[PDB]
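Enquirer: Let me begin by handing over the structure; questions about it come next.
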Amino acid sequence: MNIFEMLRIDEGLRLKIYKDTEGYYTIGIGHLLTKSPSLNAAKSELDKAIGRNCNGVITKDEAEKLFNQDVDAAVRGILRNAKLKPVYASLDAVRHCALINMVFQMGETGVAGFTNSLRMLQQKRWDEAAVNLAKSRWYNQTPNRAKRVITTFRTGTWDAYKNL
Ligand SMILES: [Cl-]
Ligand SMILES: [Cl-]
């Protein structure tokens with residue numbers, strides 16, 4: 001299992017513009033287009049992202065290209081972020097994925113806000129971190145996904161994703 005398979009399970013794949021769990025226009029594999037309520041603004045953002053007149057729909061290959069760009073951006077963002085870098089650097093390869101997953105979903109700014117959880121992860125206090133991570137809007141709004149990511153942080157294994 002790897003970061004791509006992980007996020008593919010968490011985000012799914014849709015080739016037409018759709019609304020994510022927060023009601024925002026999105027496409028492909030969790031690629032947020034805009035927080036704006038206008039489907040037209042969304043269509044504009046899509047065409048600009050893809051480089052062609054899509055009219056609201058893309059191909060699987062286009063979807064995978066956006067996905068690759070997004071994962072790369074997330075990793076690079078983490079690596080330049082003063083608060084995230086140290087944490088990421090202290091973790092093993094499996095747990096790196098759980099952190100990238102959160103950043104992919106909430107943005108680095110949002111993740112950088114889990115200060116207490118972040119210190120616990122740095123200290124490798126797994127069970128404590130898991131409890132703290134659960135005390136969040138994130139857990140309450142998307143509990144099944146949050147549980148998968150949290151279990152990953154807690155165990156350092158892919159068990160939460162095996163069988164999906
Ligand atoms: Cl809470
Ligand atoms: Cl969920």
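Convention: chains lettered A, B, ... in structure tokens order; per-chain residue numbering from 1; ligands numbered from 1 as shown.
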If you count only C-alpha atoms and all ligand atoms, which residues end up within 12 Å of ligand 1, as a list in words?

Expert: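 Residues lying within 12 Å of ligand 1: residues 131, 132, 133, 134, 135, 136, 137, 138, 139, 140, 141 and 143 of chain A.
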
Enquirer: Could you tell me, counting only C-alpha atoms and all ligand atoms, which protein and nucleic acid residues lie no more than 7 Å from ligand 2, written as an MDAnalysis selection string?

Expert: chainID A and resid 142:146

Enquirer: How about saving the chosen residues, N, CA, C and O atoms kept, as a PDB file, in the first residue's frame?

Expert:
ATOM      1  N   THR A 142     -16.053  13.810   9.558  1.00  0.00           N
ATOM      2  CA  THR A 142     -15.743  12.649   8.709  1.00  0.00           C
ATOM      3  C   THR A 142     -15.118  11.584   9.562  1.00  0.00           C
ATOM      4  O   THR A 142     -13.945  11.266   9.441  1.00  0.00           O
ATOM      5  N   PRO A 143     -15.932  10.995  10.402  1.00  0.00           N
ATOM      6  CA  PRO A 143     -15.466   9.991  11.319  1.00  0.00           C
ATOM      7  C   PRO A 143     -14.846   8.717  10.734  1.00  0.00           C
ATOM      8  O   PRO A 143     -13.864   8.218  11.265  1.00  0.00           O
ATOM      9  N   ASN A 144     -15.381   8.182   9.654  1.00  0.00           N
ATOM     10  CA  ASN A 144     -14.771   6.970   9.165  1.00  0.00           C
ATOM     11  C   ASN A 144     -13.408   7.195   8.577  1.00  0.00           C
ATOM     12  O   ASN A 144     -12.502   6.392   8.768  1.00  0.00           O
ATOM     13  N   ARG A 145     -13.252   8.277   7.843  1.00  0.00           N
ATOM     14  CA  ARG A 145     -11.949   8.557   7.287  1.00  0.00           C
ATOM     15  C   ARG A 145     -10.990   8.920   8.430  1.00  0.00           C
ATOM     16  O   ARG A 145      -9.864   8.423   8.488  1.00  0.00           O
ATOM     17  N   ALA A 146     -11.441   9.784   9.343  1.00  0.00           N
ATOM     18  CA  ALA A 146     -10.585  10.172  10.442  1.00  0.00           C
ATOM     19  C   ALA A 146     -10.115   8.913  11.193  1.00  0.00           C
ATOM     20  O   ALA A 146      -8.943   8.799  11.536  1.00  0.00           O
TER      21      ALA A 146
END

Enquirer: Excluding same-chain residues fewer than 3 positions from residue 66 in chain A, what lies within 8 Å of it counting only C-alpha atoms, as a VMD selection string?

Expert: chain A and resid 28 to 29 31 62 to 63 69 to 70

Enquirer: With distances taken over only C-alpha atoms, which of A:36, A:26, A:155, A:68 is nearest to residue 124 in chain A?

Expert: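 For residue 124 in chain A, the nearest of the given residues is A:155.
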
Enquirer: If I take CA of residue 4 in chain A and CA of residue 67 in chain A, how far is one from the other in Å, to one decimal?

Expert: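 The value is 8.3 Å.
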
Enquirer: Would you return as an MDAnalysis selection string the members of range 17-154 of chain A that DSSP assigns to alpha helix (DSSP H) on this structure's backbone?

Expert: chainID A and resid 39:50 60:80 85:90 93:112 115:122 126:134 137:141 143:154

Enquirer: Tell me which protein, DNA and RNA residues are within 12 Å of residue 152 in chain A, counting only C-alpha atoms, leaving out same-chain ones fewer than 2 positions away, and put them as a PDB file with N, CA and C atoms, in the first residue's frame.

Expert:
ATOM      1  N   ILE A   3       0.852   5.952  -0.499  1.00  0.00           N
ATOM      2  CA  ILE A   3       0.051   7.157  -0.381  1.00  0.00           C
ATOM      3  C   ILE A   3      -1.041   7.321  -1.444  1.00  0.00           C
ATOM      4  N   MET A   6      -3.822   4.804  -0.800  1.00  0.00           N
ATOM      5  CA  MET A   6      -4.473   5.255   0.407  1.00  0.00           C
ATOM      6  C   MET A   6      -5.486   6.387   0.096  1.00  0.00           C
ATOM      7  N   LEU A  91       8.909  10.862  11.779  1.00  0.00           N
ATOM      8  CA  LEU A  91       8.084   9.684  11.593  1.00  0.00           C
ATOM      9  C   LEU A  91       8.644   8.645  10.648  1.00  0.00           C
ATOM     10  N   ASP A  92       8.154   7.410  10.796  1.00  0.00           N
ATOM     11  CA  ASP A  92       8.507   6.294   9.893  1.00  0.00           C
ATOM     12  C   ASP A  92       7.709   6.444   8.589  1.00  0.00           C
ATOM     13  N   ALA A  93       7.988   5.592   7.603  1.00  0.00           N
ATOM     14  CA  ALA A  93       7.337   5.694   6.301  1.00  0.00           C
ATOM     15  C   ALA A  93       5.824   5.531   6.253  1.00  0.00           C
ATOM     16  N   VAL A  94       5.264   4.661   7.091  1.00  0.00           N
ATOM     17  CA  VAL A  94       3.819   4.480   7.087  1.00  0.00           C
ATOM     18  C   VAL A  94       3.121   5.696   7.655  1.00  0.00           C
ATOM     19  N   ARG A  95       3.607   6.167   8.788  1.00  0.00           N
ATOM     20  CA  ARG A  95       3.010   7.348   9.418  1.00  0.00           C
ATOM     21  C   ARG A  95       3.169   8.627   8.580  1.00  0.00           C
ATOM     22  N   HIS A  96       4.196   8.691   7.743  1.00  0.00           N
ATOM     23  CA  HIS A  96       4.344   9.851   6.870  1.00  0.00           C
ATOM     24  C   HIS A  96       3.056   9.967   6.076  1.00  0.00           C
ATOM     25  N   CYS A  97       2.550   8.810   5.637  1.00  0.00           N
ATOM     26  CA  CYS A  97       1.347   8.785   4.807  1.00  0.00           C
ATOM     27  C   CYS A  97       0.135   9.341   5.497  1.00  0.00           C
ATOM     28  N   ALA A  98      -0.007   9.059   6.782  1.00  0.00           N
ATOM     29  CA  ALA A  98      -1.158   9.565   7.527  1.00  0.00           C
ATOM     30  C   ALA A  98      -1.085  11.091   7.582  1.00  0.00           C
ATOM     31  N   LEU A  99       0.124  11.624   7.692  1.00  0.00           N
ATOM     32  CA  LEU A  99       0.253  13.080   7.763  1.00  0.00           C
ATOM     33  C   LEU A  99      -0.038  13.696   6.414  1.00  0.00           C
ATOM     34  N   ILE A 100       0.432  13.066   5.341  1.00  0.00           N
ATOM     35  CA  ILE A 100       0.176  13.615   4.009  1.00  0.00           C
ATOM     36  C   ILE A 100      -1.354  13.591   3.733  1.00  0.00           C
ATOM     37  N   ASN A 101      -2.005  12.519   4.169  1.00  0.00           N
ATOM     38  CA  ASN A 101      -3.436  12.369   4.003  1.00  0.00           C
ATOM     39  C   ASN A 101      -4.166  13.556   4.643  1.00  0.00           C
ATOM     40  N   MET A 102      -3.799  13.907   5.869  1.00  0.00           N
ATOM     41  CA  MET A 102      -4.462  15.016   6.545  1.00  0.00           C
ATOM     42  C   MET A 102      -4.221  16.304   5.820  1.00  0.00           C
ATOM     43  N   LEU A 121       2.802  13.312  18.484  1.00  0.00           N
ATOM     44  CA  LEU A 121       3.337  12.461  17.404  1.00  0.00           C
ATOM     45  C   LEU A 121       4.892  12.552  17.388  1.00  0.00           C
ATOM     46  N   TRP A 126       1.897   7.428  20.719  1.00  0.00           N
ATOM     47  CA  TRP A 126       0.816   7.024  19.820  1.00  0.00           C
ATOM     48  C   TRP A 126      -0.612   6.997  20.317  1.00  0.00           C
ATOM     49  N   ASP A 127      -0.848   6.376  21.450  1.00  0.00           N
ATOM     50  CA  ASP A 127      -2.212   6.290  21.934  1.00  0.00           C
ATOM     51  C   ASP A 127      -2.695   7.619  22.388  1.00  0.00           C
ATOM     52  N   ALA A 129      -1.725  10.532  21.224  1.00  0.00           N
ATOM     53  CA  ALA A 129      -1.969  11.347  20.048  1.00  0.00           C
ATOM     54  C   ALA A 129      -3.337  11.004  19.435  1.00  0.00           C
ATOM     55  N   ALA A 130      -3.631   9.724  19.369  1.00  0.00           N
ATOM     56  CA  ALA A 130      -4.873   9.282  18.752  1.00  0.00           C
ATOM     57  C   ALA A 130      -6.093   9.857  19.461  1.00  0.00           C
ATOM     58  N   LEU A 133      -6.218  13.560  18.606  1.00  0.00           N
ATOM     59  CA  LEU A 133      -6.636  13.819  17.226  1.00  0.00           C
ATOM     60  C   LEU A 133      -8.153  13.692  17.100  1.00  0.00           C
ATOM     61  N   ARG A 145     -13.252   8.277   7.843  1.00  0.00           N
ATOM     62  CA  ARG A 145     -11.949   8.557   7.287  1.00  0.00           C
ATOM     63  C   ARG A 145     -10.990   8.920   8.430  1.00  0.00           C
ATOM     64  N   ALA A 146     -11.441   9.784   9.343  1.00  0.00           N
ATOM     65  CA  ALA A 146     -10.585  10.172  10.442  1.00  0.00           C
ATOM     66  C   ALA A 146     -10.115   8.913  11.193  1.00  0.00           C
ATOM     67  N   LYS A 147     -11.017   7.963  11.440  1.00  0.00           N
ATOM     68  CA  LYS A 147     -10.621   6.753  12.165  1.00  0.00           C
ATOM     69  C   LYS A 147      -9.524   5.979  11.453  1.00  0.00           C
ATOM     70  N   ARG A 148      -9.576   5.969  10.122  1.00  0.00           N
ATOM     71  CA  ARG A 148      -8.586   5.227   9.369  1.00  0.00           C
ATOM     72  C   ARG A 148      -7.234   5.869   9.531  1.00  0.00           C
ATOM     73  N   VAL A 149      -7.225   7.181   9.400  1.00  0.00           N
ATOM     74  CA  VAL A 149      -5.968   7.927   9.495  1.00  0.00           C
ATOM     75  C   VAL A 149      -5.403   7.870  10.891  1.00  0.00           C
ATOM     76  N   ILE A 150      -6.284   7.997  11.877  1.00  0.00           N
ATOM     77  CA  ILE A 150      -5.839   7.931  13.259  1.00  0.00           C
ATOM     78  C   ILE A 150      -5.262   6.552  13.613  1.00  0.00           C
ATOM     79  N   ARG A 154      -1.697   5.520  15.021  1.00  0.00           N
ATOM     80  CA  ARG A 154      -1.563   4.730  16.248  1.00  0.00           C
ATOM     81  C   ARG A 154      -0.749   3.481  16.098  1.00  0.00           C
ATOM     82  N   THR A 155      -0.975   2.743  15.016  1.00  0.00           N
ATOM     83  CA  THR A 155      -0.314   1.462  14.824  1.00  0.00           C
ATOM     84  C   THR A 155       0.901   1.433  13.946  1.00  0.00           C
ATOM     85  N   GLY A 156       1.072   2.426  13.081  1.00  0.00           N
ATOM     86  CA  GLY A 156       2.189   2.395  12.144  1.00  0.00           C
ATOM     87  C   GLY A 156       2.037   1.245  11.090  1.00  0.00           C
ATOM     88  N   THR A 157       0.816   0.736  10.894  1.00  0.00           N
ATOM     89  CA  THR A 157       0.551  -0.319   9.901  1.00  0.00           C
ATOM     90  C   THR A 157      -0.591   0.140   8.987  1.00  0.00           C
ATOM     91  N   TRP A 158      -0.905  -0.665   7.966  1.00  0.00           N
ATOM     92  CA  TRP A 158      -1.970  -0.368   6.982  1.00  0.00           C
ATOM     93  C   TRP A 158      -3.262  -1.127   7.283  1.00  0.00           C
ATOM     94  N   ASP A 159      -3.353  -1.694   8.463  1.00  0.00           N
ATOM     95  CA  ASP A 159      -4.529  -2.483   8.801  1.00  0.00           C
ATOM     96  C   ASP A 159      -5.900  -1.822   8.532  1.00  0.00           C
ATOM     97  N   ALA A 160      -5.992  -0.516   8.733  1.00  0.00           N
ATOM     98  CA  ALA A 160      -7.245   0.190   8.566  1.00  0.00           C
ATOM     99  C   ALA A 160      -7.626   0.234   7.116  1.00  0.00           C
ATOM    100  N   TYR A 161      -6.663  -0.032   6.239  1.00  0.00           N
ATOM    101  CA  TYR A 161      -6.908   0.063   4.818  1.00  0.00           C
ATOM    102  C   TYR A 161      -6.943  -1.264   4.166  1.00  0.00           C
ATOM    103  N   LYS A 162      -6.507  -2.294   4.879  1.00  0.00           N
ATOM    104  CA  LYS A 162      -6.519  -3.635   4.305  1.00  0.00           C
ATOM    105  C   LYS A 162      -7.949  -4.155   4.318  1.00  0.00           C
TER     106      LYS A 162
END

Enquirer: Report as a ChimeraX atom specification all protein, DNA and RNA residues lying within 8 Å of residue 27 in chain A, evaluated on only C-alpha atoms, omitting residues in the same chain fewer than 6 positions from it.

Expert: /A:13-18,33,63

Enquirer: Residues within 7 Å of range 76-90 of chain A, please, as a PDB file with N, CA and C atoms, in the first residue's frame. Count only C-alpha atoms; anything in the same chain fewer than 6 positions from it doesn't count.

Expert:
ATOM      1  N   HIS A  96       4.196   8.691   7.743  1.00  0.00           N
ATOM      2  CA  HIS A  96       4.344   9.851   6.870  1.00  0.00           C
ATOM      3  C   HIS A  96       3.056   9.967   6.076  1.00  0.00           C
ATOM      4  N   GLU A 108      -2.259  22.488   4.704  1.00  0.00           N
ATOM      5  CA  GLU A 108      -1.197  22.562   5.685  1.00  0.00           C
ATOM      6  C   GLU A 108      -1.503  23.497   6.818  1.00  0.00           C
ATOM      7  N   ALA A 112      -1.362  22.294  10.547  1.00  0.00           N
ATOM      8  CA  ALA A 112      -0.423  23.005  11.422  1.00  0.00           C
ATOM      9  C   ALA A 112      -1.115  23.465  12.729  1.00  0.00           C
ATOM     10  N   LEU A 118       0.390  17.237  17.192  1.00  0.00           N
ATOM     11  CA  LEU A 118       1.684  17.223  16.533  1.00  0.00           C
ATOM     12  C   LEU A 118       2.836  16.968  17.508  1.00  0.00           C
ATOM     13  N   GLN A 122       5.403  13.748  17.576  1.00  0.00           N
ATOM     14  CA  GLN A 122       6.833  13.946  17.571  1.00  0.00           C
ATOM     15  C   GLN A 122       7.452  13.103  18.683  1.00  0.00           C
TER      16      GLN A 122
END
